[PDB]
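Chemist: My file is data.pdb. It has PDB, C-alpha atoms:
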```pdb
MODEL        1
ATOM      1  CA  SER A   3      -9.463 -20.073  16.935
ATOM      2  CA  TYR A   4      -8.965 -21.427  13.419
ATOM      3  CA  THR A   5      -7.923 -24.667  11.656
ATOM      4  CA  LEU A   6      -5.954 -24.682   8.369
ATOM      5  CA  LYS A   7      -8.244 -25.670   5.500
ATOM      6  CA  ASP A   8      -6.285 -25.147   2.277
ATOM      7  CA  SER A   9      -2.625 -24.260   1.834
ATOM      8  CA  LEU A  10      -1.963 -23.283  -1.779
ATOM      9  CA  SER A  11       1.314 -22.375  -3.490
ATOM     10  CA  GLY A  12       3.026 -23.050  -6.810
ATOM     11  CA  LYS A  13       1.482 -25.698  -9.049
ATOM     12  CA  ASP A  14      -1.002 -26.643  -6.321
ATOM     13  CA  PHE A  15      -2.197 -23.048  -6.306
ATOM     14  CA  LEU A  16      -2.690 -23.067 -10.083
ATOM     15  CA  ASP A  17      -4.478 -26.437  -9.907
ATOM     16  CA  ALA A  18      -6.943 -24.963  -7.382
ATOM     17  CA  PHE A  19      -8.330 -22.374  -9.805
ATOM     18  CA  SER A  20     -10.251 -22.515 -13.053
ATOM     19  CA  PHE A  21      -9.242 -20.089 -15.784
ATOM     20  CA  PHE A  22     -12.083 -17.827 -16.925
ATOM     21  CA  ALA A  23     -11.691 -17.420 -20.674
ATOM     22  CA  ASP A  24     -14.863 -15.704 -21.870
ATOM     23  CA  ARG A  25     -15.563 -12.050 -22.680
ATOM     24  CA  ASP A  26     -14.898  -9.800 -19.694
ATOM     25  CA  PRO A  27     -18.044  -9.259 -17.601
ATOM     26  CA  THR A  28     -16.682  -5.752 -16.855
ATOM     27  CA  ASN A  29     -16.361  -5.010 -20.600
ATOM     28  CA  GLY A  30     -12.629  -4.498 -20.493
ATOM     29  CA  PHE A  31     -10.162  -4.361 -23.361
ATOM     30  CA  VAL A  32      -8.834  -7.730 -22.218
ATOM     31  CA  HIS A  33      -8.491 -11.156 -23.809
ATOM     32  CA  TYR A  34      -8.807 -13.703 -21.031
ATOM     33  CA  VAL A  35      -7.072 -16.956 -22.024
ATOM     34  CA  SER A  36      -6.932 -20.589 -20.876
ATOM     35  CA  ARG A  37      -4.153 -21.890 -18.651
ATOM     36  CA  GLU A  38      -2.311 -23.762 -21.425
ATOM     37  CA  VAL A  39      -2.360 -20.658 -23.631
ATOM     38  CA  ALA A  40      -1.166 -18.493 -20.744
ATOM     39  CA  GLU A  41       1.670 -20.860 -19.894
ATOM     40  CA  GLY A  42       2.743 -21.035 -23.530
ATOM     41  CA  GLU A  43       2.898 -17.262 -23.894
ATOM     42  CA  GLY A  44       4.583 -16.751 -20.533
ATOM     43  CA  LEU A  45       1.590 -15.107 -18.826
ATOM     44  CA  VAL A  46       1.520 -17.807 -16.162
ATOM     45  CA  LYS A  47       4.470 -19.579 -14.587
ATOM     46  CA  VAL A  48       5.830 -20.807 -11.278
ATOM     47  CA  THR A  49       8.975 -18.874 -10.446
ATOM     48  CA  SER A  50      12.258 -20.216  -9.103
ATOM     49  CA  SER A  51      11.361 -18.904  -5.630
ATOM     50  CA  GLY A  52       8.179 -20.987  -5.720
ATOM     51  CA  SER A  53       5.720 -18.124  -6.205
ATOM     52  CA  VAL A  54       3.050 -17.930  -8.895
ATOM     53  CA  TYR A  55       3.290 -15.286 -11.626
ATOM     54  CA  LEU A  56       0.098 -14.091 -13.348
ATOM     55  CA  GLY A  57       0.925 -11.481 -15.972
ATOM     56  CA  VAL A  58      -0.272  -9.984 -19.235
ATOM     57  CA  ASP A  59       0.914  -9.646 -22.828
ATOM     58  CA  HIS A  60       3.568  -6.908 -22.603
ATOM     59  CA  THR A  61       5.035  -7.637 -26.037
ATOM     60  CA  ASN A  62       2.484  -7.133 -28.793
ATOM     61  CA  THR A  63       0.963  -3.994 -30.293
ATOM     62  CA  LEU A  64      -2.779  -4.500 -30.778
ATOM     63  CA  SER A  65      -5.608  -3.328 -33.001
ATOM     64  CA  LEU A  66      -8.022  -0.872 -31.403
ATOM     65  CA  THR A  67     -10.769  -3.327 -32.377
ATOM     66  CA  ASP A  68      -9.003  -6.382 -30.963
ATOM     67  CA  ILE A  69     -10.791  -8.228 -28.145
ATOM     68  CA  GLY A  70      -8.109  -6.818 -25.877
ATOM     69  CA  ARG A  71      -4.716  -7.342 -24.289
ATOM     70  CA  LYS A  72      -4.165 -10.900 -23.054
ATOM     71  CA  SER A  73      -4.490 -11.622 -19.366
ATOM     72  CA  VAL A  74      -5.927 -14.232 -17.010
ATOM     73  CA  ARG A  75      -8.745 -14.485 -14.490
ATOM     74  CA  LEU A  76      -8.471 -17.286 -11.941
ATOM     75  CA  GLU A  77     -11.564 -18.391  -9.999
ATOM     76  CA  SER A  78     -11.166 -20.885  -7.165
ATOM     77  CA  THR A  79     -12.688 -24.328  -7.659
ATOM     78  CA  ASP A  80     -13.471 -24.665  -3.954
ATOM     79  CA  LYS A  81     -15.542 -21.990  -2.252
ATOM     80  CA  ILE A  82     -14.951 -20.220   1.056
ATOM     81  CA  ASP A  83     -17.672 -19.800   3.682
ATOM     82  CA  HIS A  84     -16.719 -17.615   6.640
ATOM     83  CA  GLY A  85     -13.331 -18.112   8.314
ATOM     84  CA  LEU A  86      -9.986 -16.547   7.425
ATOM     85  CA  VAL A  87      -8.307 -15.954   4.085
ATOM     86  CA  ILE A  88      -4.587 -15.120   4.059
ATOM     87  CA  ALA A  89      -2.903 -14.103   0.812
ATOM     88  CA  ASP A  90       0.838 -13.463   0.768
ATOM     89  CA  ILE A  91       1.393 -11.383  -2.371
ATOM     90  CA  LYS A  92       4.867 -10.258  -3.455
ATOM     91  CA  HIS A  93       3.717  -8.126  -6.392
ATOM     92  CA  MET A  94       0.440  -6.887  -7.848
ATOM     93  CA  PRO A  95      -0.234  -5.043 -11.087
ATOM     94  CA  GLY A  96       1.341  -1.615 -10.881
ATOM     95  CA  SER A  97       0.017   1.911 -11.017
ATOM     96  CA  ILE A  98      -0.304   1.828 -14.789
ATOM     97  CA  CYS A  99      -2.661   3.634 -17.191
ATOM     98  CA  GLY A 100      -5.455   1.316 -18.295
ATOM     99  CA  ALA A 101      -4.878  -1.390 -15.672
ATOM    100  CA  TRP A 102      -7.665  -2.790 -13.481
ATOM    101  CA  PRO A 103      -6.429  -5.545 -11.140
ATOM    102  CA  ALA A 104      -8.604  -7.231  -8.520
ATOM    103  CA  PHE A 105      -8.436  -9.786  -5.744
ATOM    104  CA  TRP A 106     -12.066 -10.373  -4.873
ATOM    105  CA  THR A 107     -14.850 -12.865  -4.135
ATOM    106  CA  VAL A 108     -17.989 -13.725  -6.055
ATOM    107  CA  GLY A 109     -20.956 -16.092  -5.912
ATOM    108  CA  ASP A 110     -22.471 -18.028  -8.811
ATOM    109  CA  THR A 111     -23.946 -14.898 -10.385
ATOM    110  CA  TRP A 112     -22.586 -11.383 -10.856
ATOM    111  CA  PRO A 113     -23.056  -8.535 -10.126
ATOM    112  CA  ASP A 114     -26.434  -8.937  -8.517
ATOM    113  CA  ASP A 115     -25.519 -11.223  -5.612
ATOM    114  CA  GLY A 116     -22.965  -8.650  -4.489
ATOM    115  CA  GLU A 117     -19.234  -9.187  -3.973
ATOM    116  CA  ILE A 118     -16.265  -8.600  -1.678
ATOM    117  CA  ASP A 119     -13.421  -6.636  -3.286
ATOM    118  CA  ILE A 120     -10.274  -7.130  -1.210
ATOM    119  CA  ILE A 121      -7.726  -5.508  -3.530
ATOM    120  CA  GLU A 122      -9.059  -3.302  -6.313
ATOM    121  CA  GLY A 123      -8.009  -0.203  -8.207
ATOM    122  CA  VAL A 124      -7.644   1.357 -11.635
ATOM    123  CA  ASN A 125      -5.042   3.170 -13.675
ATOM    124  CA  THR A 126      -2.367   4.990 -11.653
ATOM    125  CA  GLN A 127      -4.132   4.587  -8.291
ATOM    126  CA  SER A 128      -1.703   4.395  -5.355
ATOM    127  CA  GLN A 129      -3.851   3.364  -2.376
ATOM    128  CA  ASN A 130      -6.094   0.286  -2.209
ATOM    129  CA  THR A 131      -9.858   0.535  -2.431
ATOM    130  CA  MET A 132     -11.732  -2.122  -0.511
ATOM    131  CA  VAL A 133     -15.366  -2.406  -1.604
ATOM    132  CA  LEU A 134     -18.395  -4.457  -0.623
ATOM    133  CA  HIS A 135     -21.622  -4.652  -2.601
ATOM    134  CA  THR A 136     -24.535  -6.303  -0.808
ATOM    135  CA  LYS A 137     -28.104  -7.278  -1.729
ATOM    136  CA  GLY A 138     -29.496  -6.081   1.604
ATOM    137  CA  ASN A 139     -29.531  -2.661   3.248
ATOM    138  CA  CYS A 140     -26.136  -2.404   4.941
ATOM    139  CA  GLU A 141     -24.481   0.750   6.267
ATOM    140  CA  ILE A 142     -20.930   0.357   7.582
ATOM    141  CA  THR A 143     -20.377   2.326  10.793
ATOM    142  CA  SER A 144     -16.985   1.210  12.127
ATOM    143  CA  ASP A 145     -14.799   4.038  10.745
ATOM    144  CA  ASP A 146     -13.459   4.389  14.306
ATOM    145  CA  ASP A 147     -12.117   0.823  14.517
ATOM    146  CA  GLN A 148     -10.403   0.952  11.146
ATOM    147  CA  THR A 149      -7.175   2.465   9.781
ATOM    148  CA  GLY A 150      -8.577   3.034   6.299
ATOM    149  CA  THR A 151     -10.946   5.862   5.426
ATOM    150  CA  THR A 152     -14.573   5.175   4.523
ATOM    151  CA  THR A 153     -15.526   7.127   1.384
ATOM    152  CA  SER A 154     -18.959   5.553   0.853
ATOM    153  CA  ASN A 155     -20.943   3.918   3.656
ATOM    154  CA  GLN A 156     -23.910   2.214   1.922
ATOM    155  CA  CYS A 157     -23.146  -1.264   0.562
ATOM    156  CA  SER A 158     -26.441  -2.154  -1.109
ATOM    157  CA  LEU A 159     -26.887  -2.422  -4.859
ATOM    158  CA  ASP A 160     -30.300  -0.846  -4.353
ATOM    159  CA  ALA A 161     -28.787   2.215  -2.661
ATOM    160  CA  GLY A 162     -26.349   2.863  -5.493
ATOM    161  CA  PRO A 163     -23.585   1.473  -7.731
ATOM    162  CA  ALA A 164     -20.606   2.594  -5.614
ATOM    163  CA  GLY A 165     -21.118   0.083  -2.817
ATOM    164  CA  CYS A 166     -19.420   0.721   0.521
ATOM    165  CA  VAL A 167     -15.842   1.791  -0.056
ATOM    166  CA  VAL A 168     -12.896   2.110   2.322
ATOM    167  CA  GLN A 169      -9.642   3.644   1.070
ATOM    168  CA  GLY A 170      -6.502   1.860   2.262
ATOM    169  CA  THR A 171      -3.370   3.476   3.680
ATOM    170  CA  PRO A 172      -0.173   4.441   1.787
ATOM    171  CA  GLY A 173       1.752   1.527   0.308
ATOM    172  CA  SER A 174      -1.317  -0.694   0.109
ATOM    173  CA  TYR A 175      -1.675  -0.824  -3.686
ATOM    174  CA  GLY A 176       0.090  -0.883  -7.033
ATOM    175  CA  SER A 177       3.534   0.608  -7.531
ATOM    176  CA  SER A 178       3.957   1.610  -3.862
ATOM    177  CA  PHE A 179       2.968  -1.898  -2.719
ATOM    178  CA  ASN A 180       5.392  -3.493  -5.172
ATOM    179  CA  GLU A 181       8.473  -1.467  -4.307
ATOM    180  CA  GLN A 182       8.292  -2.591  -0.687
ATOM    181  CA  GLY A 183       7.871  -6.265  -1.603
ATOM    182  CA  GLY A 184       4.106  -6.454  -1.161
ATOM    183  CA  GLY A 185       2.822  -8.101   1.996
ATOM    184  CA  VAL A 186      -0.163 -10.044   3.297
ATOM    185  CA  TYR A 187      -3.839  -9.305   2.742
ATOM    186  CA  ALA A 188      -6.067 -10.989   5.311
ATOM    187  CA  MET A 189      -9.837 -11.336   5.540
ATOM    188  CA  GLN A 190     -11.862 -12.426   8.555
ATOM    189  CA  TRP A 191     -15.488 -13.210   7.661
ATOM    190  CA  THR A 192     -18.118 -13.817  10.379
ATOM    191  CA  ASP A 193     -21.903 -13.420  10.452
ATOM    192  CA  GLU A 194     -21.534  -9.886  11.769
ATOM    193  CA  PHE A 195     -18.609  -8.508   9.799
ATOM    194  CA  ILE A 196     -15.940  -8.755   7.155
ATOM    195  CA  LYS A 197     -12.617  -7.319   8.307
ATOM    196  CA  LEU A 198      -9.678  -6.726   5.968
ATOM    197  CA  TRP A 199      -6.033  -6.150   6.935
ATOM    198  CA  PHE A 200      -2.917  -5.307   4.945
ATOM    199  CA  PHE A 201       0.439  -6.203   6.516
ATOM    200  CA  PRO A 202       3.490  -4.796   4.702
ATOM    201  CA  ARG A 203       6.418  -7.143   4.059
ATOM    202  CA  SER A 204       8.613  -7.499   7.186
ATOM    203  CA  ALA A 205       5.636  -6.427   9.339
ATOM    204  CA  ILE A 206       3.507  -9.562   9.130
ATOM    205  CA  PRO A 207       2.062 -10.958  12.410
ATOM    206  CA  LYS A 208       4.033 -13.979  13.648
ATOM    207  CA  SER A 209       0.876 -16.104  14.096
ATOM    208  CA  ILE A 210       0.210 -15.737  10.375
ATOM    209  CA  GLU A 211       3.783 -16.756   9.590
ATOM    210  CA  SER A 212       3.342 -19.826  11.841
ATOM    211  CA  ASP A 213       0.046 -20.887  10.200
ATOM    212  CA  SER A 214      -1.749 -20.564  13.540
ATOM    213  CA  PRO A 215      -3.453 -17.163  13.137
ATOM    214  CA  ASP A 216      -4.422 -15.209  16.243
ATOM    215  CA  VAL A 217      -6.736 -12.419  15.056
ATOM    216  CA  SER A 218      -6.013 -10.491  18.281
ATOM    217  CA  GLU A 219      -2.485  -9.796  17.106
ATOM    218  CA  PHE A 220      -3.684  -8.471  13.741
ATOM    219  CA  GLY A 221      -4.428  -5.123  15.367
ATOM    220  CA  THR A 222      -6.887  -2.630  13.896
ATOM    221  CA  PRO A 223      -8.401  -3.680  10.538
ATOM    222  CA  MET A 224      -7.666  -1.567   7.483
ATOM    223  CA  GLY A 225     -11.277  -2.021   6.382
ATOM    224  CA  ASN A 226     -13.922  -2.844   8.995
ATOM    225  CA  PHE A 227     -17.142  -3.839   7.241
ATOM    226  CA  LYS A 228     -19.515  -3.906  10.179
ATOM    227  CA  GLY A 229     -22.690  -1.947  10.834
ATOM    228  CA  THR A 230     -26.434  -1.915  10.347
ATOM    229  CA  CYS A 231     -26.776  -5.389   8.867
ATOM    230  CA  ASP A 232     -25.079  -8.688   9.558
ATOM    231  CA  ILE A 233     -22.551  -8.092   6.766
ATOM    232  CA  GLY A 234     -21.296 -11.673   6.561
ATOM    233  CA  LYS A 235     -24.794 -13.117   6.136
ATOM    234  CA  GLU A 236     -25.062 -11.163   2.884
ATOM    235  CA  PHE A 237     -22.826 -13.684   1.155
ATOM    236  CA  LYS A 238     -23.200 -17.295   0.196
ATOM    237  CA  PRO A 239     -20.048 -19.411  -0.157
ATOM    238  CA  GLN A 240     -17.707 -17.418  -2.440
ATOM    239  CA  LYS A 241     -15.128 -18.196  -5.089
ATOM    240  CA  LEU A 242     -11.828 -16.337  -4.721
ATOM    241  CA  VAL A 243     -10.764 -14.474  -7.865
ATOM    242  CA  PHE A 244      -7.534 -12.910  -9.076
ATOM    243  CA  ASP A 245      -7.669 -11.012 -12.337
ATOM    244  CA  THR A 246      -6.305  -8.093 -14.302
ATOM    245  CA  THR A 247      -8.573  -6.449 -16.862
ATOM    246  CA  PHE A 248      -8.098  -3.171 -18.774
ATOM    247  CA  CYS A 249     -10.276  -0.120 -19.374
ATOM    248  CA  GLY A 250     -13.940  -1.218 -19.347
ATOM    249  CA  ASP A 251     -16.632  -0.076 -16.891
ATOM    250  CA  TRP A 252     -14.477   1.513 -14.200
ATOM    251  CA  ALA A 253     -10.910   2.030 -15.464
ATOM    252  CA  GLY A 254     -12.155   3.167 -18.888
ATOM    253  CA  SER A 255     -14.700   5.668 -17.587
ATOM    254  CA  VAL A 256     -12.407   7.487 -15.114
ATOM    255  CA  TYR A 257      -9.280   7.238 -17.289
ATOM    256  CA  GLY A 258      -7.540  10.599 -17.638
ATOM    257  CA  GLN A 259      -8.917  12.272 -14.498
ATOM    258  CA  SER A 260      -6.144  13.227 -12.057
ATOM    259  CA  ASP A 261      -4.151  10.185 -13.066
ATOM    260  CA  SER A 262      -1.602  11.577 -15.562
ATOM    261  CA  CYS A 263      -3.035   9.294 -18.252
ATOM    262  CA  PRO A 264      -3.084  10.860 -21.733
ATOM    263  CA  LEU A 265      -6.368  11.664 -23.491
ATOM    264  CA  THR A 266      -5.775  10.969 -27.179
ATOM    265  CA  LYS A 267      -9.153   9.886 -28.577
ATOM    266  CA  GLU A 268     -12.849  10.817 -28.573
ATOM    267  CA  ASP A 269     -13.557   9.943 -24.923
ATOM    268  CA  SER A 270     -11.795   8.426 -21.932
ATOM    269  CA  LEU A 271     -12.679   4.835 -22.837
ATOM    270  CA  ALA A 272     -11.284   5.226 -26.350
ATOM    271  CA  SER A 273      -8.152   6.925 -24.977
ATOM    272  CA  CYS A 274      -7.731   4.068 -22.521
ATOM    273  CA  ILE A 275      -7.950   1.517 -25.345
ATOM    274  CA  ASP A 276      -5.385   3.522 -27.337
ATOM    275  CA  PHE A 277      -2.891   3.414 -24.442
ATOM    276  CA  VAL A 278      -3.396  -0.288 -23.702
ATOM    277  CA  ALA A 279      -3.306  -1.313 -27.367
ATOM    278  CA  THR A 280      -0.272   0.715 -28.440
ATOM    279  CA  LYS A 281       2.039   0.649 -25.392
ATOM    280  CA  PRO A 282       2.699  -3.032 -24.607
ATOM    281  CA  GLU A 283       5.996  -2.321 -22.780
ATOM    282  CA  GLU A 284       4.132  -0.218 -20.192
ATOM    283  CA  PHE A 285       2.537  -3.443 -18.953
ATOM    284  CA  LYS A 286       5.652  -5.316 -17.919
ATOM    285  CA  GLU A 287       4.752  -4.439 -14.320
ATOM    286  CA  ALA A 288       1.092  -5.422 -14.693
ATOM    287  CA  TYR A 289       1.504  -8.796 -12.978
ATOM    288  CA  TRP A 290       0.637 -10.631  -9.793
ATOM    289  CA  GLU A 291       3.296 -12.610  -7.971
ATOM    290  CA  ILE A 292       1.580 -14.654  -5.312
ATOM    291  CA  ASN A 293       3.616 -16.454  -2.648
ATOM    292  CA  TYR A 294       0.731 -18.368  -1.114
ATOM    293  CA  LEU A 295      -2.957 -18.515  -0.373
ATOM    294  CA  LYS A 296      -4.063 -20.079   2.912
ATOM    295  CA  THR A 297      -7.621 -20.498   4.195
ATOM    296  CA  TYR A 298      -8.802 -21.316   7.719
ATOM    297  CA  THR A 299     -12.078 -22.333   9.340
TER     298      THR A 299
ENDMDL
END
```
What does the file become when written as structure tokens?
Modeler:
Amino acid sequence: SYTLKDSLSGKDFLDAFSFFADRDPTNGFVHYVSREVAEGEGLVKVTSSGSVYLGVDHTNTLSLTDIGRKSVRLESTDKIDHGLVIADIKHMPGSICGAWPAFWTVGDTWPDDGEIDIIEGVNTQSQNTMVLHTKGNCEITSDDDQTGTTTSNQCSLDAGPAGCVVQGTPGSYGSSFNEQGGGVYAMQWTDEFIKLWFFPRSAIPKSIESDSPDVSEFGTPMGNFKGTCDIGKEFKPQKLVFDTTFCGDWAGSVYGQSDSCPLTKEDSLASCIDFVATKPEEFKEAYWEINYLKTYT
């Protein structure tokens, strides 16, 4: 079994992350700001229930040639290397045109060392998309010990840009996740596999609640990244990252397709920027509320 490594909530949680404040690597219409700026403008706070709020500017109307809408990107100071990660999340950014939230892991370079995307989606998406990108040839083949649905089975960067993608079940992302009070996302990382689970609020395994996790009671993973390579050996120690960007590489390119998002400008990216710049009130729900983050070895 597993020993508790870090237990992070409230101010201690915030103190355990650095705030990335440079131009978005994913080219989003976002203005990532430092912690003191975020706290001053209400983007970051500890709530009265003890959770951590990470939100965006939902007040100001912006120029189309502004850097972007203000947000934050937190990267853990300490790295994780195998073991368990348990994130109890009350709220994540909603199913909102332009939005691109992510809970993910990254090494010292990006994107070419690969990454583990635990929670990720764009625009008005309603179900989570779990994604791995690996350096090595890795085909995931465990679609029959997994509740999610594999939509792309090759993880390697060399094989293509999509990576290996598993779609989560209803209620696992965005507005649907929020209205049921979120839940817990869990990752188990071993040499052979990375397994991801989502446990809806009021349906969280008791061993997680007791800080003595028994993976046997987790049941079937939602995403089972296991197959033709030792998946977990594809990654060096990783930083954990929470962010919300806007538009950019993914959200901006698919904006307006089957998502009810309005096309107002010369292409989808420009239309995305128009929405994000001119509709600040639509982003009131584009926030994370994180109860805790616990890691185990």
Chemist: Could you list, as a PyMOL selection string, every residue within 8 Å of region 95-109 of chain A, counting all atoms listed in the file and ignoring same-chain residues fewer than 6 positions away?
Modeler: chain A and resi 115-128+175-177+180+237-249+253-254+257+261+263+274-275+277-278+284-285+287-290
Chemist: Calculated over all atoms listed in the file, which of the candidates A:168, A:18, A:23, A:35 has the smallest distance to residue 228 (chain A)?
Modeler: A:168
Chemist: Using the chain letters and numbers from the file, give me the residues hit by the PyMOL selection byres ((chain A and resi 152) around 12), as an mmCIF file with C-alpha atoms, in the frame of the given file.
Modeler:
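Writing the result to selection_31.cif gives the following:
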```cif
data_model
loop_
_atom_site.group_PDB
_atom_site.id
_atom_site.type_symbol
_atom_site.label_atom_id
_atom_site.label_comp_id
_atom_site.auth_asym_id
_atom_site.auth_seq_id
_atom_site.Cartn_x
_atom_site.Cartn_y
_atom_site.Cartn_z
ATOM 1 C CA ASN A 130 -6.094 0.286 -2.209
ATOM 2 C CA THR A 131 -9.858 0.535 -2.431
ATOM 3 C CA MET A 132 -11.732 -2.122 -0.511
ATOM 4 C CA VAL A 133 -15.366 -2.406 -1.604
ATOM 5 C CA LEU A 134 -18.395 -4.457 -0.623
ATOM 6 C CA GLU A 141 -24.481 0.750 6.267
ATOM 7 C CA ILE A 142 -20.930 0.357 7.582
ATOM 8 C CA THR A 143 -20.377 2.326 10.793
ATOM 9 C CA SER A 144 -16.985 1.210 12.127
ATOM 10 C CA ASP A 145 -14.799 4.038 10.745
ATOM 11 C CA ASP A 146 -13.459 4.389 14.306
ATOM 12 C CA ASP A 147 -12.117 0.823 14.517
ATOM 13 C CA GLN A 148 -10.403 0.952 11.146
ATOM 14 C CA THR A 149 -7.175 2.465 9.781
ATOM 15 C CA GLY A 150 -8.577 3.034 6.299
ATOM 16 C CA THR A 151 -10.946 5.862 5.426
ATOM 17 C CA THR A 153 -15.526 7.127 1.384
ATOM 18 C CA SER A 154 -18.959 5.553 0.853
ATOM 19 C CA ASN A 155 -20.943 3.918 3.656
ATOM 20 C CA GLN A 156 -23.910 2.214 1.922
ATOM 21 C CA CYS A 157 -23.146 -1.264 0.562
ATOM 22 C CA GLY A 165 -21.118 0.083 -2.817
ATOM 23 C CA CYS A 166 -19.420 0.721 0.521
ATOM 24 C CA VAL A 167 -15.842 1.791 -0.056
ATOM 25 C CA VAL A 168 -12.896 2.110 2.322
ATOM 26 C CA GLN A 169 -9.642 3.644 1.070
ATOM 27 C CA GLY A 170 -6.502 1.860 2.262
ATOM 28 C CA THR A 171 -3.370 3.476 3.680
ATOM 29 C CA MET A 224 -7.666 -1.567 7.483
ATOM 30 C CA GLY A 225 -11.277 -2.021 6.382
ATOM 31 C CA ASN A 226 -13.922 -2.844 8.995
ATOM 32 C CA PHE A 227 -17.142 -3.839 7.241
ATOM 33 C CA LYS A 228 -19.515 -3.906 10.179
#
```
Chemist: Which residue gives the smallest distance to residue 213 (chain A) among A:36, A:61, A:297, A:280, with all atoms listed in the file counted?
Modeler: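 Residue with the minimum atom-to-atom distance to residue 213 (chain A): A:297.
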Chemist: Separation of CA of residue 55 (chain A) and CA of residue 72 (chain A), in Å?
Modeler: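 Computing it gives 14.3 Å between the two atoms.
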